[PDB]
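I have placed the structure first, in the form of structure tokens, so that the comments after it can refer back to it.
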Amino acid sequence: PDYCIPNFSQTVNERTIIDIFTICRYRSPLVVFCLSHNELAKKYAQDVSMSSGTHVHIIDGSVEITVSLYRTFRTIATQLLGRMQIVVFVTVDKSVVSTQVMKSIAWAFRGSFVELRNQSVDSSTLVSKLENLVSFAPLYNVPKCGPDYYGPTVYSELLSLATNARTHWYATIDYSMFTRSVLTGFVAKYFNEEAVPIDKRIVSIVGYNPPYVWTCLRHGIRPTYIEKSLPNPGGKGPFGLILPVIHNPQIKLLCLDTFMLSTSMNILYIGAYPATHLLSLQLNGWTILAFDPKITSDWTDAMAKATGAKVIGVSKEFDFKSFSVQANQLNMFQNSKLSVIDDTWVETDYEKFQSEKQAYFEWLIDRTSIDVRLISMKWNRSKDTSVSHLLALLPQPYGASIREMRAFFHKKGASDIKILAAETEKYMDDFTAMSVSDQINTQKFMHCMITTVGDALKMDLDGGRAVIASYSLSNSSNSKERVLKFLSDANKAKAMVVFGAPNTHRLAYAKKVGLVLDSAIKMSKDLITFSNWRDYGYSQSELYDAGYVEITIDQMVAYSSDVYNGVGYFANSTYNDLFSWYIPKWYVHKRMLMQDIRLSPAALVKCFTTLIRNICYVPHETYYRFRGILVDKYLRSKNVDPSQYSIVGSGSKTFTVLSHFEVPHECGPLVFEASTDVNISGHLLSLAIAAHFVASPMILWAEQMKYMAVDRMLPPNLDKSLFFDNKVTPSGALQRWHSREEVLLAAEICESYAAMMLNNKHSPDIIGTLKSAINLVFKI
Amino acid sequence: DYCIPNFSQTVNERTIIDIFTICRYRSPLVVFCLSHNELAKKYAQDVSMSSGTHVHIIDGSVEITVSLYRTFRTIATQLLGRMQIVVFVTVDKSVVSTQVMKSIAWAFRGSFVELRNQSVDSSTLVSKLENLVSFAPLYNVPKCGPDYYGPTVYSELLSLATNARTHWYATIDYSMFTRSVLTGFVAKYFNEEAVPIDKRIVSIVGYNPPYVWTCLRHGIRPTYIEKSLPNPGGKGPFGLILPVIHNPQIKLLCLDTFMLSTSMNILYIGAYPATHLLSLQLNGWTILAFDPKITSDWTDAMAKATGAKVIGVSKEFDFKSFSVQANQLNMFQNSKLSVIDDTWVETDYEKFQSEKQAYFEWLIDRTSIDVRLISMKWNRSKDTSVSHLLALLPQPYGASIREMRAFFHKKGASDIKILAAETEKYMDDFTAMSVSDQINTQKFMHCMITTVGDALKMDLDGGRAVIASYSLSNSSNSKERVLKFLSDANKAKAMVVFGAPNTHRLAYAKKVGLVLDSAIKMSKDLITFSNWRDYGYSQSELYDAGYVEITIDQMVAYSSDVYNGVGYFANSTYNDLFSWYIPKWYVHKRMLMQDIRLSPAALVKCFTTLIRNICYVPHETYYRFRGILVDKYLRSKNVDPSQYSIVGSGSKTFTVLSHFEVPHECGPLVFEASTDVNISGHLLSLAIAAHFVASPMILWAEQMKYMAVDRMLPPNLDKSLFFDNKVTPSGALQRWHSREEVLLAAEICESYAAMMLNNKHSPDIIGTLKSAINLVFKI
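Going down the list, the sequences are from chains B and A.
Under the authors' numbering, the residues of the first sequence are numbered 4 to 249, 263 to 548, 554 to 801, in order.
Under the authors' numbering, the residues of the second sequence are numbered 5 to 249, 263 to 548, 554 to 801, in order.
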């Protein structure tokens with residue numbers, strides 16, 4: 004062996020790389036707690052620190068807020084892979100650091116954010132959430148990178164002796180729902196930044212993906228699907244939707273309402289009260305005309321303030337026997353699109369009441385004055401009846417074992433069809449006895465009305481059209497030649513097509529070291545096959566050649582914090598880490614070249630290097646000594662005279678130039694002026710190591726690094742506290758980082774750097790595809 | 005299984021392997037003492053932001069007792085986190101003395117630095133503060149010891165010439181650390197028992213060279229006792245005349274420490290400068306130094322640094338005066354005396370040696386002075402007869418030099434002729450050998466303080482200190498006879514520090530596939546090491567012989583105020599396979615009061631917290647599993663469920679509703695109605711730690727039984743050392759757990775280890791500990 008430190012031979016073997024992959028499942032230990040009672044914070048900080056060893060920080064204002072954040076999170080950035088919980092108590096007022104700024108910094112480091120600074124010192128809510136820190140450590144019931152959670156993990160079951168003090172834990176499923184929510188929040192943030200009109204905030208979800216309807220209505224955008232091949236439903240009508248062939265406590269009503277809220281920006285909601293499920297939706301741009309006798313004056317103000325929509329609530333019954341546009345205040349929807357949500361019903365003469373409604377909806381749909389889109393009515397008829405302008409007769413996917421159906425009226429519906437009673441009762445007898453999973457499964461018939469059939473690669477990309485392709489375009493049906501052509505054209509067209517694909521070389525490195533076995537995922541060349554479908558792999562370089570920069574889910578949720586209304590997560594998933602997400606290059610240059618904390622790689626640049634330095638006995642200054650030695654081995658490998666430079670190998674000086682010399686490089690010859698100090702970019706080396714295990718923001722960091730060749734003024738609208746991680750000149754501008762020579766020099770030694778840190782058990786393909794992408798960013 | 009807490013998918017066979025690997029990092033603490041608080045805050049931020057080192061600043065804003073309680077209760081949970089921990093202590097020495105803070109530091113396996121007397125711009129203070137930022141997560145100051153003389157040079161990690169690397173021999177350095185800790189414990193034993201200075205002699209069973217240095221570093225005299233010492237092959241009564249063939266100041270300490278073992282009175286001729294002696298505590302010695310260059314300050318400097326009574330003569334030694342009234346030898350009447358002759362001249366060296374030899378041949382035949390040993394430099398080119406000559410060895414650290422050493426003794430050869438032609442070719446061979454072989458020949462020198470015979474039949478009178486570094490554990494001595502020797506030693510109130518490989522800890526290491534079969538092979542309790555055979559001993563059968571297992575952590579912490587040896591930098595898995603045991607009589611007499619030096623604080627949390635982080639085990643959920651494990655045991659003994667109520671919290675394991683008893687061999691467990699039961703959680707965690715490192719379960723159990731009721735704090739010990747435990751307003755250590763709460767945890771201990779390690783534990787490890795807990799609590 005070898006008896007010397009730092010030791011990489013005996014410490015970093017193939018099983019060590021496996022354990023590093025395992026540690027990445029714990030890489031979100033931060034909890035940011037905001038309370039206005041400092042002495043109370045000191046107690047619980049001591050309680051959780053003594054009981055479970057959680058590292059605590061108390062930003063109390065004794066130090067300036069900018070330097071206080073700089074000292075707190077520069078330390079946390081190194082400990083994110085330490086498998087130990089980290090709590091940061093923020094006790095300064097919201098005037099010192101606002102709720103949105105602190106929430107951004109929290110989610111930028113993958114942490115749970117709790118804001119309770121308005122609470123009194125003896126608040127039952129404040130003390131309870133503080134006791135949860137000590138009870139649940141090292142875990143915490145508050146979701147990370149999100150305010151709400153609707154998955155199966157119930158933290159209160161961990162304290163219950165009846166449930167054996169256990170709860171469920173589906174990391175891959177929960178992070179998938181977290182990813183669907185983050186993509187939606189980023190598109191919502193995209194619409195807000197581009198000042199897109201409210202009625203134009205529509206996103207195309209490539210491939211059928213049910214949960215996107217809910218996430219889109221949570222962020223104030225309307226969803227629309229586009230599937231490659233949608234099979235025939237098997238019913239009657241123009242679209243064949245009449246009788247087709249066959263854990264959220266408030267999704268029973270949100271399943272139908274969110275879909276109807278996608279068909280129009282104006283809604284006639286009959287029988288709305290209480291409509292409590294709508295309160296957790298951002299409806300800023302909608303106009304709700306609510307009809308119910310139990311509607312009060314406070315109910316209208318409560319719905320409008322919680323959703324942002326213009327709500328006009330009528331405290332009367334709906335006049336169904338008046339056939340005029342002057343009744344029920346329908347005059348406010350002239351020359352407009354309108355949809356009707358009918359939830360009215362009675363247990364006395366239900367057949368007689370439905371006939372009165374049907375005659376009104378059959379007339380309301382034939383309005384040349386109002387573009388009535390869709391009308392949803394409760395259907396339960398024991399007699400044969402003819403329906404005009406009927407598009408769909410679907411069961412209630414969340415109605416469970418109930419007997420009621422739903423009818424959908426549309427202009428392009430069946431001109432006249434006869435709904436036989438003996439056919440619906442038998443149809444319901446089958447739907448009534450199905451499993452709950454199959455009952456909820458039949459909600460795809462409902463989403464068919466907002467689905468366009470065709471190829472997503474041939475769609476129109478006009479005016480910055482938002483298109484979410486969740487792993488869709490990457491599957492083997494679409495060729496890599498055509499997908500790269502679609503994304504390159506989309507970037508030229510200034511369109512927002514968020515694209516995701518499996519990282520080819522990250523999965524190859526996972527199978528090489530024996531992480532995920534051959535039984536789960538099999539790979540051949542760049543073609544990937546998943547088991548319980555085939556899929557193409559894409560690297561980070563070829564997508565930059567198509568004009569797409571890889572961004573991390575961490576950076577997307579952090580950049581979209583002030584508009585995020587979705588769900589969070591608790592644990593990371595190795596399966597989800599195999600994929601990478603890319604946004605077009607035009608939007609990166611326009612609004613993402615100024616590296617704030619939300620768009621910084623702070624949550625990844627230090628945690629991997631520190632973990633390896635602790636495992637391999639690498640002292641701090643010794644780490645920078647190895648940096649100079651690696652540079653010394655590269656300069657002499659290119660026949661540079663050793664007397665022309667002087668290897669310092671410190672944190673501030675990599676090496677000093679003594680006489681002018683140049684190094685041949687494809688991105689222009691590296692110019693080294695005499696009597697100058699060279700300090701190569703260390704983040705490039707560490708981000709390449711982090712790319713072996715998780716999605717690395719190397720491409721976005723490089724674009725920011727090139728933009729920081731000179732001093733750049735801070736954005737005027739953004740809070741300047743978000744730039745705490747970087748130096749700011751007294752002028753008020755972000756200080757220059759590194760020269761193009763210092764950055765390209767680190768890319769050349771990057772191959773030998775990974776061979777040192779991982780004991781030659783790295784992936785030269787991972788370093789190669791990143792090195793190739795760094796060169797294209799710094800093209801001459 | 006998709007449920008948390010998860011033990012199935014998380015704790016596999018390789019997971020146990022990685023836990024063993026983490027135990028190599030289980031000493032990350034650094035305790036830094038400086039009197040400049042704002043300067044400490046800066047370097048605390050510098051090392052925290054650069055390397056992620058967790059820092060603590062005890063500044064006095066909180067009371068010192070509560071401040072230590074909050075700081076180290078947290079550190080105890082993080083000792084397996086692979087991250088450096090620094091504790092800056094800025095309060096005055098009046099708030100916490102240097103010896104108290106050093107004990108607390110070494111109790112948690114930490115490097116201790118005391119620089120509170122330094123000014124804010126001291127070049128020494130700032131340099132050692134910059135070393136924290138430069139060397140993190142490592143540190144150049146050794147743990148549990150002030151000095152380090154091994155091959156690891158930290159300044160080479162910063163040098164580009166050495167490729168920023170240095171050597172790293174963890175097993176060798178920790179072995180030297182163990183030899184030094186054993187010596188320091190014996191030295192602490194002599195200080196506690198008030199043993200007279202001249203009686204402080206320890207027997208080192210089996211030949212072990214470095215113990216001569218460590219003993220003289222702690223003011224005690226060593227003596228060897230070997231099973232079979234081969235004949236040296238020379239002439240003389242003991243055959244020591246011409247036998248058959263990294264410390265910068267060991268060149269002189271090799272000879273002087275051996276001569277300082279032969280007598281408590283020394284005549285050092287040619288002492289100046291004698292700088293090597295300054296690092297030894299010679300409290301009890303009397304040095305009569307002869308050299309012209311001796312000054313008045315030199316005598317005071319030697320006496321202050323060593324504690325010895327030094328009388329330094331600023332003159333030459335009168336060799337041509339044959340009387341006890343010359344050279345002030347009148348102070349050694351009716352006393353033992355040994356002389357160290359280091360005088361020499363480059364002009365007529367032969368003529369000067371003949372004058373010395375005639376004096377030493379007369380000085381050895383003194384009925385007035387019990388002259389023990391005389392060491393003279395020998396270099397004669399002519400044939401000469403020597404009277405009263407015991408040995409003539411080469412200088413083991415003389416390297417390629419031509420000079421030899423002669424040793425005069427009363428029991429030496431009455432008359433022998435030293436032929437010049439034989440000693441010239443003998444030096445020609447000694448000069449040509451390797452340096453390792455030159456130093457290897459220092460066993461001939463130590464032969465003069467070596468008794469030949471069997472250590473199992475020695476006399477154990479009046480608390481005799483005997484150190485057996487794995488010697489008694491080897492296969493030559495049967496386990497039946499060794500256990501008989503140790504049981505007799507404990508009855509005789511003797512101090513025989515005994516060490517042996519932990520049978521079940523090595524078995525658990527081989528079962529999971531840590532140390533492979535090529536290095537260590539085991540059969541039953543017989544162990545074979547590669548690169554000799556050895557018997558294994560468990561913690562229970564040694565308590566049956568009246569011996570309690572103590573950890574090297576607790577020994578160096580308990581001996582902090584007398585420790586003068588070396589520290590260590592990294593732990594070694596090879597050394598962790600062995601356990602160290604001290605007699606039971608000394609544990610009951612002075613170790614039943616659990617202070618921080620004798621507490622298992624450095625092990626009771628770090629293993630449980632690491633497993634809770636790996637397996638997603640919440641804090642309160644951990645205590646829920648505790649009650650469920652108790653509920654599974656009470657039901658297994660046919661206790662009616664309506665007689666108790668499972669609470670499963672940190673303060674209440676379960677509440678008793680009606681009186682019921684559980685049959686147990688240590689008396690039936692009595693559970694009074696309307697009372698709360700809180701089983702001892704430390705017993706469960708110490709059993710888990712016993713799978714990987716030496717666990718102080720036996721010592722903790724003896725302290726736990728003594729803490730059945732309140733006990734007054736010792737009057738002499740600083741009461742700050744009891745910060746880890748509750749103290750009543752009366753000034754006494756508050757009671758811990760009842761005998762029912764402790765024995766109840768021992769019964770669920772088997773199922774507890776099956777849950778924490780996913781049934782991949784060792785029932786033998788739990789069994790030998792559970793058996794020992796019963797013998798401590800025997801009725």
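By construction, the Cβ of each residue, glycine as well, lies at the ideal position given by its N, Cα and C atoms.
Exercise for review: Report yes if the C-beta distance between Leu299 (chain B) and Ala318 (chain B) is below 8 Å; otherwise report no.
Suggested key: In the first sequence, the residue the question calls residue 299 (chain B) occupies position 283. In the first sequence, the residue the question calls residue 318 (chain B) occupies position 302. No; because the gap between Cβ atoms is not below 8 Å, this pair is not in contact.
**Study point:** Sheet register partners of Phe600 (chain B) (DSSP bridge)
**Key:** For this step, residue 600 (chain B) is matched to residue 579 along the first sequence. Beta-bridge pairing links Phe600 (chain B) to B:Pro518.
Exercise for review: Under 8 Å between beta-carbons, which chain A residues line up against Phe647 (chain B)? List them in chain order, please.
Suggested key: The sequence position of residue 647 (chain B) within the first sequence is 626, counting from 1. Under the 8 Å cutoff, chain A gives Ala168.
Practice item. Give a yes or no on whether 8 Å exceeds the smallest Cβ distance from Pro9 (chain A) to chain B. Key: On the second sequence, position 5 is the one that residue 9 (chain A) refers to. It does; some Cβ of chain B falls within 8 Å.
Exercise for review: On a CA-only basis, which of A:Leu186, A:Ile650, A:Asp732, A:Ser673 is nearest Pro663 (chain A)? Give me that one, please.
Suggested key: On the second sequence, residue 663 (chain A) is found 641 positions in, with the first residue counted as 1. Nearest option by C-alpha distance: A:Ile650.
Check your understanding: Can you find a C-beta in chain A that's less than 8 Å from the C-beta of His263 (chain B)?
Key -> Within the first sequence, the letter at position 247 stands for residue 263 (chain B). So no, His263 (chain B) is outside the interface.
Review point. Quick one: what's got a C-beta closer than 6 Å to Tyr29 (chain B)'s C-beta in the same chain, skipping five residues either side?
Key: Working through the first sequence from its first residue, we reach residue 29 (chain B) at position 26. The residues are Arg86.
Check your understanding: Roughly how many whole angstroms lie between the Cα atoms of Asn457 (chain A) and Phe591 (chain A)?
Key -> Position 440 of the second sequence, counting from 1, holds the residue named residue 457 (chain A). Position 569 of the second sequence, counting from 1, holds the residue named residue 591 (chain A). Cα-Cα distance, rounded: 26 Å.
Point to revise | Cut-off 6 Å between Cβ atoms - residues of its own chain near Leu779 (chain A), not counting five sequence neighbours on either side | key: Within the second sequence, numbered from 1, the residue matching residue 779 (chain A) stands at position 757. Closer than 6 Å at the Cβ level, and outside the excluded window around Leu779 (chain A), lie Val15.
**Study point:** Straight-line gap, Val669 (chain A) to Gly789 (chain B) (C-alpha atoms, nearest Å)
**Key:** Along the second sequence, one-based indexing puts residue 669 (chain A) at 647. Along the first sequence, one-based indexing puts residue 789 (chain B) at 768. For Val669 (chain A) and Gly789 (chain B), the distance between alpha carbons rounds to 58 Å.
Point to revise | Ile8 (chain B) versus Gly558 (chain B) - alpha carbon distance | key: Translated into the one-based positions of the first sequence, residue 8 (chain B) becomes position 5. Translated into the one-based positions of the first sequence, residue 558 (chain B) becomes position 537. Taking the straight line from one Cα to the other gives about 39 Å.
Check your understanding: CB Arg77 (chain B) to CB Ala624 (chain B), shorter than 8 Å?
Key -> Residue 77 (chain B) sits at position 74 when you count from the first residue of the first sequence. Residue 624 (chain B) sits at position 603 when you count from the first residue of the first sequence. Note that the C-beta distance between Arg77 (chain B) and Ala624 (chain B) is not below 8 Å.
Exercise for review: Please confirm if the stretch 434-446 of chain B is in contact with the stretch 477-497 of chain B, defined as three or more CB-CB distances below 8 Å between the two stretches.
Suggested key: no
Practice item. Look at the Cβ atom of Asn597 (chain A), then the Cβ atom of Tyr178 (chain A), and state whether they are nearer than 8 Å. Key: Numbered from 1 along the second sequence, position 575 holds the residue referred to as residue 597 (chain A). Numbered from 1 along the second sequence, position 174 holds the residue referred to as residue 178 (chain A). One thing to note: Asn597 (chain A) has its Cβ within 8 Å of the Cβ of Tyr178 (chain A).
Exercise for review: Would you please state the rounded distance, in angstroms, between the beta carbons of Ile544 (chain A) and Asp534 (chain A)? I believe it to be under 8 Å.
Suggested key: Here residue 544 (chain A) refers to the residue found at position 527 when the second sequence is read from its first residue. Here residue 534 (chain A) refers to the residue found at position 517 when the second sequence is read from its first residue. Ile544 (chain A) to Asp534 (chain A), Cβ: 12 Å. No contact.
Exercise for review: Please find out if some non-hydrogen atom of the ligand SAH comes closer than 7 Å to the beta-carbon of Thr292 (chain B).
Suggested key: As for the ligand SAH, it is missing from this structure, which has no ligand bound.
Exercise for review: Report the rounded CA-to-CA distance for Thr440 (chain A) versus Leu739 (chain A), giving the unit in angstroms.
Suggested key: In the second sequence, counting from the first residue as 1, residue 440 (chain A) sits at position 423. In the second sequence, counting from the first residue as 1, residue 739 (chain A) sits at position 717. Each residue's alpha carbon lies about 58 Å from the other.
**Study point:** Three-state secondary structure assigned by DSSP to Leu244 (chain A)
**Key:** Within the second sequence, numbered from 1, the residue matching residue 244 (chain A) stands at position 240. Strand at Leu244 (chain A).
**Study point:** DSSP-derived helix/strand/coil call for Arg422 (chain B)
**Key:** For the purposes of this step, residue 422 (chain B) is identified with residue 406 of the first sequence, where counting begins at 1. It is a strand residue.
Check your understanding: Mind checking if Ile245 (chain B) is an interface residue toward chain A, Cβ cutoff 8 Å exclusive?
Key -> Taking the first residue of the first sequence as position 1, residue 245 (chain B) is located at position 242. It does not; no Cβ of chain A falls within 8 Å.
Review point. So is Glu642 (chain A) in contact with chain B if we call contact Cβ pairs under 8 Å?
Key: As a working note, residue 642 (chain A) is residue 620 in the second sequence. Chain B, which has a Cβ nearer than 8 Å to the Cβ of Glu642 (chain A), makes this yes.
Exercise for review: Report the neighbours of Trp172 (chain A) on chain B: residues whose CB is nearer than 8 Å to its CB, in chain order.
Suggested key: In the second sequence, counting from the first residue as 1, residue 172 (chain A) sits at position 168. Residues of chain B passing the Cβ test: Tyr6, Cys7, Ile8, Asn10, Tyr638.
Practice item. Return the first residue and the last residue of the beta strand (DSSP E) that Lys326 (chain A) is part of. Key: Indexing the second sequence from 1 puts residue 326 (chain A) at position 309. Element bounds for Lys326 (chain A): 326-330.
Point to revise | Exposure label - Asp732 (chain A); buried when at least 16 CB within 10 Å | key: Working through the second sequence from its first residue, we reach residue 732 (chain A) at position 710. By the neighbour-count rule (16 or more Cβ atoms within 10 Å), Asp732 (chain A) is not buried but exposed.
Review point. Residues bridged to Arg225 (chain B) by DSSP?
Key: Residue 225 (chain B) sits at position 222 when you count from the first residue of the first sequence. DSSP lists B:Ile205 as partners of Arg225 (chain B).
Review point. To the nearest whole angstrom, what separates the beta carbons of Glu772 (chain B) and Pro785 (chain B), a pair I think is in contact under 8 Å?
Key: Numbered from its first residue, the first sequence carries residue 772 (chain B) at position 751. Numbered from its first residue, the first sequence carries residue 785 (chain B) at position 764. About 6 Å; that satisfies the 8 Å criterion.
Exercise for review: State the Cα-Cα distance for the pair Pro309 (chain A) and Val216 (chain A), rounded to the nearest angstrom.
Suggested key: Position 292 of the second sequence, counting from 1, holds the residue named residue 309 (chain A). Position 212 of the second sequence, counting from 1, holds the residue named residue 216 (chain A). Each residue's Cα considered, the two are about 30 Å apart.
Review point. How would you list, in chain order, the residues of chain B whose beta-carbon sits under 8 Å from the beta-carbon of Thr631 (chain A)?
Key: Taking the second sequence and counting its residues from 1, one reaches residue 631 (chain A) at position 609. Within 8 Å Cβ-Cβ: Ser55, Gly56.
Practice item. For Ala165 (chain A), return the contacting residues in chain B, with the cut-off set at a CB-CB distance below 8 Å. Key: To locate residue 165 (chain A), count along the second sequence from 1; it is residue 161. What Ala165 (chain A) touches in chain B: nothing, since even the nearest Cβ is about 11 Å away.
Review point. Which of the three DSSP states, helix, strand or coil, is assigned to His463 (chain B)?
Key: Looking up residue 463 (chain B) in the first sequence gives position 447. Three-state result, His463 (chain B): helix.
Review point. Okay, do the stretch 603-613 of chain B and the stretch 44-55 of chain B touch, 3+ Cβ pairs below 8 Å being the bar?
Key: The answer is no - the stretch 44-55 of chain B does not touch the stretch 603-613 of chain B, with fewer than three Cβ pairs under 8 Å.
Point to revise | Entirely enclosed beta strand (DSSP E) segments - the stretch 449-503 of chain B, minimum 3 residues | key: Taking only runs of at least 3 residues, the beta strand (DSSP E) segments lying wholly in the stretch 449-503 of chain B are 467-469, 482-485.
Check your understanding: Do you know whose CA, among A:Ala526, A:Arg18, A:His641, A:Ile720, lies nearest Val570 (chain A)'s CA?
Key -> Translated into the one-based positions of the second sequence, residue 570 (chain A) becomes position 548. Answer by Cα proximity: A:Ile720.
Practice item. Indicate whether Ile229 (chain B) and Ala472 (chain B) have their beta-carbon atoms separated by less than 8 Å. Key: Numbered from its first residue, the first sequence carries residue 229 (chain B) at position 226. Numbered from its first residue, the first sequence carries residue 472 (chain B) at position 456. Taking 8 Å as the Cβ cut-off, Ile229 (chain B) and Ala472 (chain B) qualify as a contacting pair.
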